[PDB]
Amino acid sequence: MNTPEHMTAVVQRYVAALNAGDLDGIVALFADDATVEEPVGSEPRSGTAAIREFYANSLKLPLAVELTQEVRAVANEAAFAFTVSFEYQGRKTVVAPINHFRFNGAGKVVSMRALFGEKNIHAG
(Lines of atoms letter the chains of each structure in order from A and count residues from 1; the text may use other names and numbers.)
(Lines give C-alpha, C1' and ligand atoms only; values in the text may rest on other atoms or scores of the structure.)
Protein backbone atom coordinates (compact mmCIF):
# COMPACT_ATOMS: atom_id res chain seq x y z
CA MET A 1 0.00 0.00 0.00
CA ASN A 2 0.82 3.76 -0.51
CA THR A 3 1.30 5.86 2.58
CA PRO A 4 -1.14 8.78 3.20
CA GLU A 5 1.92 11.06 3.53
CA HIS A 6 3.09 10.15 -0.05
CA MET A 7 -0.44 10.57 -1.54
CA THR A 8 -0.84 13.90 0.26
CA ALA A 9 2.60 15.16 -0.98
CA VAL A 10 1.56 14.23 -4.53
CA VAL A 11 -1.68 16.18 -4.29
CA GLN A 12 0.30 19.20 -3.00
CA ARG A 13 2.87 18.82 -5.76
CA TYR A 14 0.03 18.61 -8.37
CA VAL A 15 -1.43 21.90 -7.13
CA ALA A 16 1.99 23.57 -7.10
CA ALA A 17 2.86 22.30 -10.59
CA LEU A 18 -0.47 23.60 -11.94
CA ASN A 19 0.29 27.03 -10.37
CA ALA A 20 3.78 27.06 -11.86
CA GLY A 21 2.56 25.98 -15.36
CA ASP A 22 4.99 23.04 -14.84
CA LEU A 23 3.70 20.60 -17.43
CA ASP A 24 6.48 18.00 -17.02
CA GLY A 25 6.06 18.08 -13.25
CA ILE A 26 2.35 17.28 -13.56
CA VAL A 27 2.78 14.48 -16.08
CA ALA A 28 5.60 12.89 -13.96
CA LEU A 29 2.98 12.17 -11.20
CA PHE A 30 1.02 9.81 -13.45
CA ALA A 31 1.56 6.21 -14.44
CA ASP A 32 2.27 5.46 -18.17
CA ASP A 33 -1.18 3.82 -18.50
CA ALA A 34 -3.06 6.33 -16.29
CA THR A 35 -6.50 7.71 -17.20
CA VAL A 36 -7.97 11.20 -16.55
CA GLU A 37 -11.71 11.86 -16.59
CA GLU A 38 -12.52 15.55 -16.19
CA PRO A 39 -15.25 16.41 -15.67
CA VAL A 40 -16.79 13.16 -14.41
CA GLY A 41 -19.16 11.81 -17.02
CA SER A 42 -16.96 12.95 -19.96
CA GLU A 43 -14.91 10.45 -22.04
CA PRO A 44 -11.61 9.44 -20.29
CA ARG A 45 -8.13 10.27 -21.78
CA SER A 46 -5.67 7.38 -21.35
CA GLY A 47 -1.84 7.15 -21.44
CA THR A 48 0.98 9.67 -21.16
CA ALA A 49 0.51 11.38 -24.57
CA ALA A 50 -3.16 12.10 -24.13
CA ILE A 51 -2.61 13.15 -20.47
CA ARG A 52 0.24 15.48 -21.36
CA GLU A 53 -1.98 17.00 -24.08
CA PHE A 54 -4.89 17.35 -21.66
CA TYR A 55 -2.79 19.30 -19.15
CA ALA A 56 -1.07 21.39 -21.88
CA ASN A 57 -4.48 22.42 -23.00
CA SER A 58 -5.68 23.15 -19.39
CA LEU A 59 -2.70 25.49 -19.01
CA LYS A 60 -3.48 27.66 -22.06
CA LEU A 61 -4.51 30.53 -19.62
CA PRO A 62 -2.64 31.34 -16.32
CA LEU A 63 -4.35 29.37 -13.45
CA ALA A 64 -4.45 30.10 -9.71
CA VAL A 65 -5.09 26.73 -7.97
CA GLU A 66 -5.76 26.60 -4.19
CA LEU A 67 -6.28 23.50 -2.06
CA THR A 68 -9.25 24.53 0.07
CA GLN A 69 -9.31 21.86 2.83
CA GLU A 70 -7.12 19.02 4.07
CA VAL A 71 -6.42 16.14 1.78
CA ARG A 72 -8.25 12.87 2.50
CA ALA A 73 -6.00 9.81 1.84
CA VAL A 74 -6.51 6.18 2.73
CA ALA A 75 -5.88 2.78 1.00
CA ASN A 76 -4.18 3.82 -2.30
CA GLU A 77 -6.64 6.69 -2.88
CA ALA A 78 -6.86 10.40 -2.14
CA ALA A 79 -9.59 12.96 -2.53
CA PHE A 80 -9.30 16.74 -2.32
CA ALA A 81 -11.25 19.97 -2.65
CA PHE A 82 -9.74 22.93 -4.44
CA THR A 83 -10.49 25.87 -6.67
CA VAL A 84 -9.12 26.84 -10.09
CA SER A 85 -9.34 30.54 -11.02
CA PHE A 86 -8.64 32.09 -14.44
CA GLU A 87 -9.74 35.04 -16.58
CA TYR A 88 -10.78 35.10 -20.23
CA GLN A 89 -11.80 38.18 -22.22
CA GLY A 90 -12.16 40.27 -19.09
CA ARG A 91 -14.31 37.64 -17.25
CA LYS A 92 -13.07 35.79 -14.22
CA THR A 93 -14.14 32.27 -13.42
CA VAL A 94 -13.57 30.19 -10.28
CA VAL A 95 -14.24 26.44 -10.65
CA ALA A 96 -14.57 24.30 -7.38
CA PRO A 97 -14.14 20.58 -8.01
CA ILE A 98 -13.54 17.61 -5.82
CA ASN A 99 -10.81 15.44 -7.37
CA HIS A 100 -10.19 11.75 -6.70
CA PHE A 101 -6.79 10.06 -7.36
CA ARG A 102 -6.09 6.35 -7.27
CA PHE A 103 -2.44 5.29 -6.89
CA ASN A 104 -0.57 2.21 -8.05
CA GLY A 105 2.01 0.14 -6.17
CA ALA A 106 4.85 2.37 -7.42
CA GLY A 107 3.15 5.50 -5.97
CA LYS A 108 2.08 6.98 -9.31
CA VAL A 109 -1.44 8.19 -10.08
CA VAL A 110 -3.24 5.63 -12.23
CA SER A 111 -6.61 7.33 -12.29
CA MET A 112 -7.80 10.91 -11.83
CA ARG A 113 -11.56 11.82 -11.72
CA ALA A 114 -12.52 15.51 -11.33
CA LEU A 115 -16.11 15.88 -10.09
CA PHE A 116 -17.82 19.30 -10.60
CA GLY A 117 -20.89 20.56 -12.43
CA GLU A 118 -22.27 23.88 -13.59
CA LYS A 119 -23.27 24.72 -9.98
CA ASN A 120 -19.58 24.57 -8.99
CA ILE A 121 -18.50 27.18 -11.53
CA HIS A 122 -18.60 30.72 -10.12
CA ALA A 123 -17.81 34.37 -10.99
CA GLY A 124 -14.48 35.75 -9.88
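Each residue number is its position in the shown sequence, starting from 1.
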| item | value |
| --- | --- |
| Higher-scoring stretch by recorded Cα B factor average, 68-76 or 43-51 | 43-51 |
| Mean temperature factor over C-alpha atoms, higher-scoring stretch between 79-87 and 34-42 | 34-42 |
| Ranked against its chain, the third holding the CA B-factor of residue 11 | lowest |
| Residue 23, C-alpha B-factor rank within chain (lowest, middle or highest third) | highest |
| Residue 17, C-alpha B-factor rank within chain (lowest, middle or highest third) | lowest |
| Chain-wide C-alpha B factor ranking for residue 114, given as lowest, middle or highest third | middle |
